[PDB]
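Following: one structure in structure tokens, then a few remarks.
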Amino acid sequence: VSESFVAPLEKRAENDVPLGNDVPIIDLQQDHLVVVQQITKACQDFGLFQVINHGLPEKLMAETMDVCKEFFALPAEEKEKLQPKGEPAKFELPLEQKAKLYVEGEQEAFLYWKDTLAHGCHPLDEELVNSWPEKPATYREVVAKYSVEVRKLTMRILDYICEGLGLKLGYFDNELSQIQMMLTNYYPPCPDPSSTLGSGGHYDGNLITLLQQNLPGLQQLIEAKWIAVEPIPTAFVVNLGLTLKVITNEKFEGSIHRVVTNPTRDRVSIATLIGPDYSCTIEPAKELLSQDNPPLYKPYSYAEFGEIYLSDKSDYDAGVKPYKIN
Ligand SMILES: CN1[C@@H]2CC[C@H]1C[C@@H](OC(=O)[C@H](CO)c1ccccc1)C2
Ligand SMILES: [O]
Ligand SMILES: [Sr+2]
Ligand SMILES: [Sr+2]
Ligand SMILES: [V+3]
């Protein structure tokens, strides 16, 4: 493997990470109060859970995975059309909503063993969709339907979260969820998995993420122990973001997770990252604060947070360290 992709010794994954048997799998077709209670407990104790019987069509999930895999099978000459000035874009502000191919890593500088297609999905209009990939031919039709369905499911989950916290329904149905970035991640086979990472350990910086996977590689950090997240092809993995950790005043955990490489087979995952506009002010929900529950963060600019989150990887929560109080 090229030295560009060699992770620092301490960040390298061990070869036998055990299955996370305690990862909650929440059936959304249970009684309403049972769903609210199970989601609440998962958010409080884990910050990562799976949802099943979630009302998003299984056929649409399969068609979206198909067209995402078809995109990454396109030849070089087509993929160049999504590389600004001949190279992949970087996860840095301003983060534009038009489709680009992205490179990612840490600055002992190294790169993640990953190609990422990213674009905005909300609101859907002619201008946004016309900035999506031209190939495959059905990408725009399928991903337009997928993005609406994934948003619908995310807003259902956020309203379950509202009921669990004692916030009014629709608390997050505003500026706090106005950005919907869809990241299609391609992990080609890696000749030295012991030295590389598909994706470094991170919180998602946004509010909430729904992740679709059909192959192993996703791992979560629990009380410095890593566990493997079982791939369920018809489920969504829910990762609570650093923004939700702040707004709930740490009553909810954020999901710290990474992706390991595979020597023999490729892997495609689809992450829908919903969260605030860059103009937003983030603070602990006033409605939940008291003398017994004082705010642990001061108000901050999401744009200012974003710049630190995307550059400083000295700690998982480096993004919010400057805003910590009490
Ligand atoms: C694995 N990496 C992590 C998470 C996804 C991917 C790319 C990057 O995250 C983002 O670019 C998101 C886009 O919403 C972001 C940007 C600024 C603020 C909050 C969130 C870091
Ligand atoms: O992510
Ligand atoms: Sr190029
Ligand atoms: Sr175009
Ligand atoms: V993530």
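Residues are referred to by chain and number: the chain letter is A, B, ... according to the order shown in the structure tokens, the number counts from 1 in that chain, and ligands are numbered separately from 1 in the order shown.
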* Extract, using only C-alpha atoms, all DNA, RNA and protein residues at most 6 Å from segment 147-164 of chain A, discarding same-chain residues fewer than 3 positions from it, and format them as a count of residues only. => 6
Can you write out as a tab-separated table which residues of chain A fall within 9 Å of ligand 2, alongside each residue's closest atom pair and its distance in Å to one decimal, counting only C-alpha atoms and all ligand atoms and ordering rows by chain and ascending residue number?
residue	atom	partner	partner_atom_place_in_ligand_line	distance
A:183	CA	ligand 2	1 (O)	7.7
A:199	CA	ligand 2	1 (O)	8.3
A:202	CA	ligand 2	1 (O)	7.6
A:203	CA	ligand 2	1 (O)	7.5
A:204	CA	ligand 2	1 (O)	5.2
A:205	CA	ligand 2	1 (O)	8.3
A:209	CA	ligand 2	1 (O)	7.4
A:211	CA	ligand 2	1 (O)	8.3
A:239	CA	ligand 2	1 (O)	8.4
A:257	CA	ligand 2	1 (O)	8.4
A:258	CA	ligand 2	1 (O)	8.7
A:271	CA	ligand 2	1 (O)	6.4
A:272	CA	ligand 2	1 (O)	8.4
A:273	CA	ligand 2	1 (O)	7.2
Please report, as a tab-separated table, each residue of chain A lying at most 8 Å from ligand 4, together with the nearest pair of atoms and the separation in Å rounded to one decimal; use only C-alpha atoms and all ligand atoms, and order rows by chain and ascending residue number.
residue	atom	partner	partner_atom_place_in_ligand_line	distance
A:130	CA	ligand 4	1 (Sr)	4.7
A:131	CA	ligand 4	1 (Sr)	4.3
A:132	CA	ligand 4	1 (Sr)	6.6
A:133	CA	ligand 4	1 (Sr)	7.6
A:134	CA	ligand 4	1 (Sr)	7.3
Closest pair table for chain A residues within 9 Å of ligand 1, only C-alpha atoms and all ligand atoms, as JSON lines:
{"residue": "A:90", "atom": "CA", "partner": "ligand 1", "partner_atom_place_in_ligand_line": "11 (O)", "distance": 8.7}
{"residue": "A:91", "atom": "CA", "partner": "ligand 1", "partner_atom_place_in_ligand_line": "11 (O)", "distance": 5.0}
{"residue": "A:92", "atom": "CA", "partner": "ligand 1", "partner_atom_place_in_ligand_line": "11 (O)", "distance": 7.1}
{"residue": "A:93", "atom": "CA", "partner": "ligand 1", "partner_atom_place_in_ligand_line": "17 (C)", "distance": 7.5}
{"residue": "A:95", "atom": "CA", "partner": "ligand 1", "partner_atom_place_in_ligand_line": "11 (O)", "distance": 7.2}
{"residue": "A:102", "atom": "CA", "partner": "ligand 1", "partner_atom_place_in_ligand_line": "7 (C)", "distance": 8.8}
{"residue": "A:104", "atom": "CA", "partner": "ligand 1", "partner_atom_place_in_ligand_line": "2 (N)", "distance": 7.2}
{"residue": "A:105", "atom": "CA", "partner": "ligand 1", "partner_atom_place_in_ligand_line": "2 (N)", "distance": 8.8}
{"residue": "A:116", "atom": "CA", "partner": "ligand 1", "partner_atom_place_in_ligand_line": "6 (C)", "distance": 8.4}
{"residue": "A:118", "atom": "CA", "partner": "ligand 1", "partner_atom_place_in_ligand_line": "13 (C)", "distance": 8.7}
{"residue": "A:120", "atom": "CA", "partner": "ligand 1", "partner_atom_place_in_ligand_line": "14 (O)", "distance": 8.8}
{"residue": "A:179", "atom": "CA", "partner": "ligand 1", "partner_atom_place_in_ligand_line": "14 (O)", "distance": 7.1}
{"residue": "A:180", "atom": "CA", "partner": "ligand 1", "partner_atom_place_in_ligand_line": "14 (O)", "distance": 7.1}
{"residue": "A:181", "atom": "CA", "partner": "ligand 1", "partner_atom_place_in_ligand_line": "14 (O)", "distance": 5.4}
{"residue": "A:182", "atom": "CA", "partner": "ligand 1", "partner_atom_place_in_ligand_line": "14 (O)", "distance": 8.4}
{"residue": "A:183", "atom": "CA", "partner": "ligand 1", "partner_atom_place_in_ligand_line": "5 (C)", "distance": 7.3}
{"residue": "A:199", "atom": "CA", "partner": "ligand 1", "partner_atom_place_in_ligand_line": "1 (C)", "distance": 6.0}
{"residue": "A:200", "atom": "CA", "partner": "ligand 1", "partner_atom_place_in_ligand_line": "1 (C)", "distance": 7.2}
{"residue": "A:201", "atom": "CA", "partner": "ligand 1", "partner_atom_place_in_ligand_line": "1 (C)", "distance": 8.3}
{"residue": "A:202", "atom": "CA", "partner": "ligand 1", "partner_atom_place_in_ligand_line": "3 (C)", "distance": 6.5}
{"residue": "A:203", "atom": "CA", "partner": "ligand 1", "partner_atom_place_in_ligand_line": "4 (C)", "distance": 7.0}
{"residue": "A:204", "atom": "CA", "partner": "ligand 1", "partner_atom_place_in_ligand_line": "4 (C)", "distance": 4.6}
{"residue": "A:205", "atom": "CA", "partner": "ligand 1", "partner_atom_place_in_ligand_line": "19 (C)", "distance": 3.8}
{"residue": "A:206", "atom": "CA", "partner": "ligand 1", "partner_atom_place_in_ligand_line": "19 (C)", "distance": 4.3}
{"residue": "A:207", "atom": "CA", "partner": "ligand 1", "partner_atom_place_in_ligand_line": "19 (C)", "distance": 8.1}
{"residue": "A:241", "atom": "CA", "partner": "ligand 1", "partner_atom_place_in_ligand_line": "20 (C)", "distance": 8.4}
{"residue": "A:242", "atom": "CA", "partner": "ligand 1", "partner_atom_place_in_ligand_line": "19 (C)", "distance": 8.4}
{"residue": "A:243", "atom": "CA", "partner": "ligand 1", "partner_atom_place_in_ligand_line": "19 (C)", "distance": 8.1}
{"residue": "A:258", "atom": "CA", "partner": "ligand 1", "partner_atom_place_in_ligand_line": "1 (C)", "distance": 8.2}
{"residue": "A:271", "atom": "CA", "partner": "ligand 1", "partner_atom_place_in_ligand_line": "5 (C)", "distance": 8.0}
{"residue": "A:272", "atom": "CA", "partner": "ligand 1", "partner_atom_place_in_ligand_line": "14 (O)", "distance": 8.7}
{"residue": "A:273", "atom": "CA", "partner": "ligand 1", "partner_atom_place_in_ligand_line": "14 (O)", "distance": 5.4}
{"residue": "A:274", "atom": "CA", "partner": "ligand 1", "partner_atom_place_in_ligand_line": "14 (O)", "distance": 6.8}
{"residue": "A:275", "atom": "CA", "partner": "ligand 1", "partner_atom_place_in_ligand_line": "14 (O)", "distance": 6.7}
{"residue": "A:276", "atom": "CA", "partner": "ligand 1", "partner_atom_place_in_ligand_line": "19 (C)", "distance": 8.1}
{"residue": "A:278", "atom": "CA", "partner": "ligand 1", "partner_atom_place_in_ligand_line": "18 (C)", "distance": 7.9}
{"residue": "A:302", "atom": "CA", "partner": "ligand 1", "partner_atom_place_in_ligand_line": "18 (C)", "distance": 7.1}
{"residue": "A:303", "atom": "CA", "partner": "ligand 1", "partner_atom_place_in_ligand_line": "18 (C)", "distance": 7.3}
{"residue": "A:305", "atom": "CA", "partner": "ligand 1", "partner_atom_place_in_ligand_line": "18 (C)", "distance": 6.9}
{"residue": "A:306", "atom": "CA", "partner": "ligand 1", "partner_atom_place_in_ligand_line": "18 (C)", "distance": 4.1}
{"residue": "A:307", "atom": "CA", "partner": "ligand 1", "partner_atom_place_in_ligand_line": "17 (C)", "distance": 7.1}
{"residue": "A:308", "atom": "CA", "partner": "ligand 1", "partner_atom_place_in_ligand_line": "18 (C)", "distance": 8.8}
{"residue": "A:309", "atom": "CA", "partner": "ligand 1", "partner_atom_place_in_ligand_line": "18 (C)", "distance": 6.5}
{"residue": "A:310", "atom": "CA", "partner": "ligand 1", "partner_atom_place_in_ligand_line": "21 (C)", "distance": 6.0}
{"residue": "A:319", "atom": "CA", "partner": "ligand 1", "partner_atom_place_in_ligand_line": "18 (C)", "distance": 9.0}
Residues from last step as file, C-alpha atoms, as a compact mmCIF listing (two decimals), in the first residue's frame:
# COMPACT_ATOMS: atom_id res chain seq x y z
CA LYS A 90 -12.05 18.23 0.00
CA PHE A 91 -14.51 18.22 2.95
CA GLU A 92 -13.94 21.94 3.74
CA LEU A 93 -16.23 25.04 3.87
CA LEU A 95 -19.28 22.65 1.22
CA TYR A 102 -14.23 13.78 -2.53
CA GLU A 104 -10.76 12.53 2.97
CA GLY A 105 -7.99 12.08 5.60
CA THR A 116 -16.98 9.55 -1.68
CA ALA A 118 -21.52 13.73 -2.16
CA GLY A 120 -27.23 17.99 -1.29
CA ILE A 179 -29.07 20.42 4.91
CA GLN A 180 -29.34 16.80 3.60
CA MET A 181 -25.93 15.62 2.26
CA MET A 182 -25.97 12.12 0.66
CA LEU A 183 -22.47 10.53 0.83
CA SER A 199 -12.92 6.02 7.42
CA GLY A 200 -11.15 7.35 10.56
CA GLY A 201 -12.95 7.27 13.94
CA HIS A 202 -15.43 10.21 13.97
CA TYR A 203 -18.71 11.61 15.23
CA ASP A 204 -20.93 12.78 12.34
CA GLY A 205 -20.78 16.59 12.93
CA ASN A 206 -24.44 17.06 11.81
CA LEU A 207 -27.74 16.31 13.69
CA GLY A 241 -24.53 13.48 15.44
CA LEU A 242 -22.35 15.79 17.58
CA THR A 243 -24.99 18.56 17.00
CA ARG A 258 -14.98 4.05 11.80
CA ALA A 271 -24.97 7.85 4.35
CA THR A 272 -27.74 10.53 4.51
CA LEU A 273 -26.37 13.32 6.79
CA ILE A 274 -29.21 15.66 7.93
CA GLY A 275 -28.36 18.75 9.97
CA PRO A 276 -28.37 22.55 10.32
CA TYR A 278 -24.23 26.88 8.14
CA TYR A 302 -22.46 26.00 12.97
CA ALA A 303 -20.10 27.47 10.27
CA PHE A 305 -17.91 24.61 14.41
CA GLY A 306 -17.80 23.17 10.83
CA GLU A 307 -14.32 24.62 10.04
CA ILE A 308 -12.83 23.12 13.29
CA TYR A 309 -14.74 19.78 12.90
CA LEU A 310 -13.40 19.32 9.30
CA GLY A 319 -15.20 20.67 17.01
All residues 12 Å or closer to residue 221 of chain A, only C-alpha atoms, same chain fewer than 5 positions away omitted, as a PDB file with N, CA, C and O atoms, in the first residue's frame:
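What ended up in selection.pdb:
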ATOM      1  N   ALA A  13      -6.633  -0.452  13.025  1.00  0.00           N
ATOM      2  CA  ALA A  13      -7.652  -1.389  13.548  1.00  0.00           C
ATOM      3  C   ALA A  13      -6.992  -2.739  13.830  1.00  0.00           C
ATOM      4  O   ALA A  13      -6.161  -3.166  13.007  1.00  0.00           O
ATOM      5  N   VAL A  17     -12.130  -7.711  15.546  1.00  0.00           N
ATOM      6  CA  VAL A  17     -13.084  -6.874  16.326  1.00  0.00           C
ATOM      7  C   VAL A  17     -14.376  -7.672  16.488  1.00  0.00           C
ATOM      8  O   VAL A  17     -14.927  -8.160  15.505  1.00  0.00           O
ATOM      9  N   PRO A  18     -14.892  -7.830  17.728  1.00  0.00           N
ATOM     10  CA  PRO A  18     -16.069  -8.662  17.976  1.00  0.00           C
ATOM     11  C   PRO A  18     -17.376  -7.986  17.542  1.00  0.00           C
ATOM     12  O   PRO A  18     -17.438  -6.764  17.555  1.00  0.00           O
ATOM     13  N   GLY A  20     -20.909  -6.412  17.825  1.00  0.00           N
ATOM     14  CA  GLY A  20     -21.692  -5.669  18.824  1.00  0.00           C
ATOM     15  C   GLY A  20     -23.053  -6.310  19.007  1.00  0.00           C
ATOM     16  O   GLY A  20     -23.988  -5.929  18.281  1.00  0.00           O
ATOM     17  N   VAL A  23     -25.945  -3.839  20.154  1.00  0.00           N
ATOM     18  CA  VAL A  23     -26.439  -2.776  19.228  1.00  0.00           C
ATOM     19  C   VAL A  23     -27.956  -2.921  19.129  1.00  0.00           C
ATOM     20  O   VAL A  23     -28.443  -3.955  18.675  1.00  0.00           O
ATOM     21  N   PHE A  46     -26.252   4.470  23.885  1.00  0.00           N
ATOM     22  CA  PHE A  46     -25.437   3.951  22.755  1.00  0.00           C
ATOM     23  C   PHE A  46     -25.146   5.050  21.720  1.00  0.00           C
ATOM     24  O   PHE A  46     -23.967   5.221  21.354  1.00  0.00           O
ATOM     25  N   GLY A  47     -26.175   5.753  21.237  1.00  0.00           N
ATOM     26  CA  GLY A  47     -26.051   6.783  20.185  1.00  0.00           C
ATOM     27  C   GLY A  47     -26.001   6.179  18.786  1.00  0.00           C
ATOM     28  O   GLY A  47     -25.960   6.949  17.804  1.00  0.00           O
ATOM     29  N   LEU A  48     -25.992   4.847  18.688  1.00  0.00           N
ATOM     30  CA  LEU A  48     -26.052   4.089  17.410  1.00  0.00           C
ATOM     31  C   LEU A  48     -27.052   2.944  17.589  1.00  0.00           C
ATOM     32  O   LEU A  48     -26.919   2.184  18.559  1.00  0.00           O
ATOM     33  N   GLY A 200     -11.664   7.149   9.197  1.00  0.00           N
ATOM     34  CA  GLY A 200     -11.148   7.353  10.560  1.00  0.00           C
ATOM     35  C   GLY A 200     -12.283   7.430  11.565  1.00  0.00           C
ATOM     36  O   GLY A 200     -13.406   7.798  11.162  1.00  0.00           O
ATOM     37  N   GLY A 201     -12.009   7.084  12.825  1.00  0.00           N
ATOM     38  CA  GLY A 201     -12.953   7.273  13.941  1.00  0.00           C
ATOM     39  C   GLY A 201     -13.465   8.702  13.957  1.00  0.00           C
ATOM     40  O   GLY A 201     -12.632   9.633  13.909  1.00  0.00           O
ATOM     41  N   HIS A 202     -14.784   8.881  13.986  1.00  0.00           N
ATOM     42  CA  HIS A 202     -15.432  10.214  13.971  1.00  0.00           C
ATOM     43  C   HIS A 202     -16.835  10.131  14.572  1.00  0.00           C
ATOM     44  O   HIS A 202     -17.487   9.082  14.443  1.00  0.00           O
ATOM     45  N   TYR A 203     -17.278  11.227  15.182  1.00  0.00           N
ATOM     46  CA  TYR A 203     -18.707  11.609  15.229  1.00  0.00           C
ATOM     47  C   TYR A 203     -19.081  12.170  13.859  1.00  0.00           C
ATOM     48  O   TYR A 203     -18.237  12.853  13.256  1.00  0.00           O
ATOM     49  N   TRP A 226     -13.622  -1.216  20.451  1.00  0.00           N
ATOM     50  CA  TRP A 226     -14.358  -1.167  19.163  1.00  0.00           C
ATOM     51  C   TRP A 226     -15.201  -2.434  19.021  1.00  0.00           C
ATOM     52  O   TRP A 226     -14.713  -3.518  19.407  1.00  0.00           O
ATOM     53  N   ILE A 227     -16.419  -2.301  18.490  1.00  0.00           N
ATOM     54  CA  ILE A 227     -17.311  -3.446  18.146  1.00  0.00           C
ATOM     55  C   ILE A 227     -17.722  -3.315  16.678  1.00  0.00           C
ATOM     56  O   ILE A 227     -17.726  -2.184  16.159  1.00  0.00           O
ATOM     57  N   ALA A 228     -18.034  -4.441  16.038  1.00  0.00           N
ATOM     58  CA  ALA A 228     -18.502  -4.513  14.637  1.00  0.00           C
ATOM     59  C   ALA A 228     -20.023  -4.340  14.620  1.00  0.00           C
ATOM     60  O   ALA A 228     -20.711  -4.983  15.446  1.00  0.00           O
ATOM     61  N   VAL A 229     -20.525  -3.491  13.722  1.00  0.00           N
ATOM     62  CA  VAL A 229     -21.986  -3.273  13.520  1.00  0.00           C
ATOM     63  C   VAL A 229     -22.455  -4.224  12.414  1.00  0.00           C
ATOM     64  O   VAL A 229     -22.054  -4.021  11.252  1.00  0.00           O
ATOM     65  N   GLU A 253     -26.024  10.243  23.668  1.00  0.00           N
ATOM     66  CA  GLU A 253     -24.649   9.987  23.165  1.00  0.00           C
ATOM     67  C   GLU A 253     -24.614  10.301  21.665  1.00  0.00           C
ATOM     68  O   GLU A 253     -25.630  10.054  20.986  1.00  0.00           O
ATOM     69  N   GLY A 254     -23.499  10.840  21.170  1.00  0.00           N
ATOM     70  CA  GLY A 254     -23.153  10.793  19.736  1.00  0.00           C
ATOM     71  C   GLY A 254     -22.536   9.447  19.401  1.00  0.00           C
ATOM     72  O   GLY A 254     -21.915   8.856  20.296  1.00  0.00           O
ATOM     73  N   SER A 255     -22.699   8.965  18.168  1.00  0.00           N
ATOM     74  CA  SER A 255     -22.060   7.721  17.668  1.00  0.00           C
ATOM     75  C   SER A 255     -20.625   8.029  17.223  1.00  0.00           C
ATOM     76  O   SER A 255     -20.452   8.831  16.288  1.00  0.00           O
ATOM     77  N   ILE A 256     -19.626   7.428  17.872  1.00  0.00           N
ATOM     78  CA  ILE A 256     -18.219   7.440  17.378  1.00  0.00           C
ATOM     79  C   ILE A 256     -18.010   6.130  16.617  1.00  0.00           C
ATOM     80  O   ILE A 256     -18.189   5.063  17.226  1.00  0.00           O
ATOM     81  N   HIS A 257     -17.681   6.209  15.330  1.00  0.00           N
ATOM     82  CA  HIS A 257     -17.593   5.023  14.441  1.00  0.00           C
ATOM     83  C   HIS A 257     -16.466   5.197  13.422  1.00  0.00           C
ATOM     84  O   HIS A 257     -16.023   6.334  13.186  1.00  0.00           O
ATOM     85  N   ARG A 258     -16.028   4.082  12.839  1.00  0.00           N
ATOM     86  CA  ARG A 258     -14.976   4.048  11.796  1.00  0.00           C
ATOM     87  C   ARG A 258     -15.336   2.952  10.795  1.00  0.00           C
ATOM     88  O   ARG A 258     -16.268   2.159  11.077  1.00  0.00           O
ATOM     89  N   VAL A 259     -14.606   2.899   9.686  1.00  0.00           N
ATOM     90  CA  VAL A 259     -14.757   1.828   8.661  1.00  0.00           C
ATOM     91  C   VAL A 259     -13.376   1.232   8.384  1.00  0.00           C
ATOM     92  O   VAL A 259     -12.427   2.003   8.124  1.00  0.00           O
ATOM     93  N   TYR A 316     -12.076  13.431  19.051  1.00  0.00           N
ATOM     94  CA  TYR A 316     -13.376  13.179  18.373  1.00  0.00           C
ATOM     95  C   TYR A 316     -14.270  14.418  18.474  1.00  0.00           C
ATOM     96  O   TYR A 316     -14.974  14.711  17.494  1.00  0.00           O
TER      97      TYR A 316
END
* To do: Could you give me, as a VMD selection string, each residue of segment 200-231 of chain A that DSSP assigns to strand (DSSP E or B) when run on this structure's backbone?
  => chain A and resid 200 to 202 208 to 212 218 to 222 225 to 228
Can you write just those residues out, N, CA and C atoms, as a tab-separated table (two decimals), in the first residue's frame?
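So selection.tsv came out as:
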chain	number	residue	atom	x	y	z
A	200	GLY	N	-11.66	7.15	9.20
A	200	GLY	CA	-11.15	7.35	10.56
A	200	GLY	C	-12.28	7.43	11.57
A	201	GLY	N	-12.01	7.08	12.82
A	201	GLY	CA	-12.95	7.27	13.94
A	201	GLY	C	-13.46	8.70	13.96
A	202	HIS	N	-14.78	8.88	13.99
A	202	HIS	CA	-15.43	10.21	13.97
A	202	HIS	C	-16.83	10.13	14.57
A	208	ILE	N	-28.24	14.15	12.67
A	208	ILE	CA	-28.57	12.70	12.63
A	208	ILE	C	-28.22	12.17	11.24
A	209	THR	N	-27.74	10.93	11.17
A	209	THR	CA	-27.34	10.26	9.91
A	209	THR	C	-28.04	8.91	9.82
A	210	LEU	N	-28.62	8.60	8.66
A	210	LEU	CA	-29.13	7.24	8.33
A	210	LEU	C	-28.18	6.61	7.31
A	211	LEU	N	-27.67	5.42	7.64
A	211	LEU	CA	-26.61	4.73	6.87
A	211	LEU	C	-27.18	3.40	6.38
A	212	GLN	N	-27.05	3.14	5.08
A	212	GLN	CA	-27.44	1.86	4.44
A	212	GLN	C	-26.16	1.10	4.06
A	218	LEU	N	-18.19	-1.51	9.16
A	218	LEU	CA	-18.57	-0.44	10.11
A	218	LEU	C	-18.29	-0.92	11.54
A	219	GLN	N	-17.62	-0.08	12.33
A	219	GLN	CA	-17.26	-0.39	13.73
A	219	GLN	C	-17.59	0.83	14.60
A	220	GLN	N	-17.99	0.58	15.84
A	220	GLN	CA	-18.36	1.64	16.81
A	220	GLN	C	-17.42	1.58	18.01
A	221	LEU	N	-17.06	2.75	18.54
A	221	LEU	CA	-16.28	2.89	19.80
A	221	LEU	C	-17.24	2.94	20.99
A	222	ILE	N	-17.11	2.00	21.92
A	222	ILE	CA	-17.89	1.95	23.20
A	222	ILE	C	-16.90	2.06	24.37
A	225	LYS	N	-12.88	0.40	23.48
A	225	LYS	CA	-13.24	-0.90	22.85
A	225	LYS	C	-14.04	-0.63	21.57
A	226	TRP	N	-13.62	-1.22	20.45
A	226	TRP	CA	-14.36	-1.17	19.16
A	226	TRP	C	-15.20	-2.43	19.02
A	227	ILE	N	-16.42	-2.30	18.49
A	227	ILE	CA	-17.31	-3.45	18.15
A	227	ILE	C	-17.72	-3.31	16.68
A	228	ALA	N	-18.03	-4.44	16.04
A	228	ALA	CA	-18.50	-4.51	14.64
A	228	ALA	C	-20.02	-4.34	14.62
* Hey, what's within 6 Å of residue 114 of chain A if we count only C-alpha atoms and toss same-chain stuff fewer than 2 positions away? As an MDAnalysis selection string, please? -> chainID A and resid 112 186:187 198
Generate the output file for the selected residues, N, CA and C atoms, as a PDB file, in the first residue's frame.
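Saved file part29.pdb follows:
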ATOM      1  N   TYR A 112      -7.749   8.462   3.917  1.00  0.00           N
ATOM      2  CA  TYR A 112      -8.688   7.332   4.117  1.00  0.00           C
ATOM      3  C   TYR A 112      -8.805   6.562   2.798  1.00  0.00           C
ATOM      4  N   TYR A 186     -17.333   4.480  -1.475  1.00  0.00           N
ATOM      5  CA  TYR A 186     -16.770   3.310  -2.183  1.00  0.00           C
ATOM      6  C   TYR A 186     -15.430   2.957  -1.534  1.00  0.00           C
ATOM      7  N   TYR A 187     -15.328   1.730  -1.021  1.00  0.00           N
ATOM      8  CA  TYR A 187     -14.109   1.153  -0.401  1.00  0.00           C
ATOM      9  C   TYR A 187     -13.611   0.036  -1.310  1.00  0.00           C
ATOM     10  N   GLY A 198     -10.671   2.740   6.080  1.00  0.00           N
ATOM     11  CA  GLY A 198     -11.687   3.196   5.114  1.00  0.00           C
ATOM     12  C   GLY A 198     -12.210   4.562   5.506  1.00  0.00           C
TER      13      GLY A 198
END
* Set the cut-off to 12 Å, count only C-alpha atoms and all ligand atoms, and list whatever residues fall near ligand 3 as an MDAnalysis selection string. => chainID A and resid 75:89 101:103
Would you write out those residues with C-alpha atoms, as a PDB file, in the first residue's frame?
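See out-v2.pdb below for the written result:
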ATOM      1  CA  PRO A  75     -14.885   4.548 -16.284  1.00  0.00           C
ATOM      2  CA  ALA A  76     -12.269   7.234 -15.319  1.00  0.00           C
ATOM      3  CA  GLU A  77     -13.365   9.607 -18.177  1.00  0.00           C
ATOM      4  CA  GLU A  78     -16.905   9.886 -16.635  1.00  0.00           C
ATOM      5  CA  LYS A  79     -15.697  10.249 -12.968  1.00  0.00           C
ATOM      6  CA  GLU A  80     -13.360  13.168 -14.025  1.00  0.00           C
ATOM      7  CA  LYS A  81     -16.548  15.267 -14.681  1.00  0.00           C
ATOM      8  CA  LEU A  82     -17.033  15.304 -10.827  1.00  0.00           C
ATOM      9  CA  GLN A  83     -13.355  16.193  -9.998  1.00  0.00           C
ATOM     10  CA  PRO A  84     -13.020  20.024  -9.849  1.00  0.00           C
ATOM     11  CA  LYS A  85      -9.760  21.150 -11.602  1.00  0.00           C
ATOM     12  CA  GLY A  86      -8.791  17.471 -12.239  1.00  0.00           C
ATOM     13  CA  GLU A  87      -8.780  16.184  -8.589  1.00  0.00           C
ATOM     14  CA  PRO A  88     -11.334  15.177  -5.908  1.00  0.00           C
ATOM     15  CA  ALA A  89     -12.831  17.991  -3.757  1.00  0.00           C
ATOM     16  CA  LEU A 101     -16.108  13.191  -5.841  1.00  0.00           C
ATOM     17  CA  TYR A 102     -14.227  13.784  -2.530  1.00  0.00           C
ATOM     18  CA  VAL A 103     -10.949  12.630  -0.883  1.00  0.00           C
TER      19      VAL A 103
END
* Asked: How many Å separate atom CA of residue 280 of chain A from atom CA of residue 244 of chain A?
  -> 13.4 Å
* **Residues within 12 Å of residue 69 of chain A, only C-alpha atoms, excluding chain neighbours under 6 positions, as a list in words** =>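 Within the cut-off, the hits are residues 62, 63, 116, 117, 135, 136, 139, 184, 185, 186, 187, 188, 213, 214, 266, 267, 268, 269 and 270 of chain A.
Proximity to residue 49 of chain A was assessed for A:22, A:6, A:318, A:304 counting only C-alpha atoms; the smallest distance is recorded for A:22.
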* To do: Enter the distance from atom CA of residue 324 of chain A to atom CA of residue 173 of chain A, in Å, rounded to one decimal.
  =>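 That distance, rounded to one decimal, is 25.9 Å.
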* Using DSSP on the backbone coordinates, identify all residues within segment 108-303 of chain A classified as helix (DSSP H, G or I); present the result as a PyMOL selection string. => chain A and resi 126-129+139-165+175-177+242-247+286-288+302-303
* Asked: With distances taken over only C-alpha atoms, which of A:140, A:54, A:11, A:265 is nearest to residue 236 of chain A?
  -> A:54
* To do: Find, counting only C-alpha atoms and all ligand atoms, the residue in A:126, A:14, A:24, A:237 that gets nearest to ligand 5.
  =>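 Smallest distance to ligand 5 is found for A:237.
Across the model, the gap from atom 1 (V, counted along the ligand's line) of ligand 5 to atom CA of residue 94 of chain A is 19.4 Å.
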Neighbours of residue 175 of chain A within 6 Å (only C-alpha atoms; same-chain residues fewer than 2 positions away dropped), as a CSV table (one decimal) with N, CA, C and O atoms, in the first residue's frame?
chain,number,residue,atom,x,y,z
A,177,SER,N,-32.5,21.0,10.4
A,177,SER,CA,-32.5,19.8,9.5
A,177,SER,C,-32.5,20.2,8.0
A,177,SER,O,-32.8,19.3,7.2
A,178,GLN,N,-32.1,21.4,7.7
A,178,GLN,CA,-32.4,22.0,6.3
A,178,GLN,C,-31.3,21.4,5.3
A,178,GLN,O,-31.6,21.4,4.1
A,276,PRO,N,-28.1,21.1,10.5
A,276,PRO,CA,-28.4,22.5,10.3
A,276,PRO,C,-27.8,23.1,9.0
A,276,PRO,O,-26.8,22.6,8.5
A,277,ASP,N,-28.3,24.3,8.6
A,277,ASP,CA,-27.7,25.2,7.7
A,277,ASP,C,-26.5,25.9,8.4
A,277,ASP,O,-26.5,26.0,9.6
* Pick out the closest residue to ligand 5 from this set: A:240, A:25, A:190, A:129. Count only C-alpha atoms and all ligand atoms. =>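 That would be A:240, the residue with the smallest distance to ligand 5.
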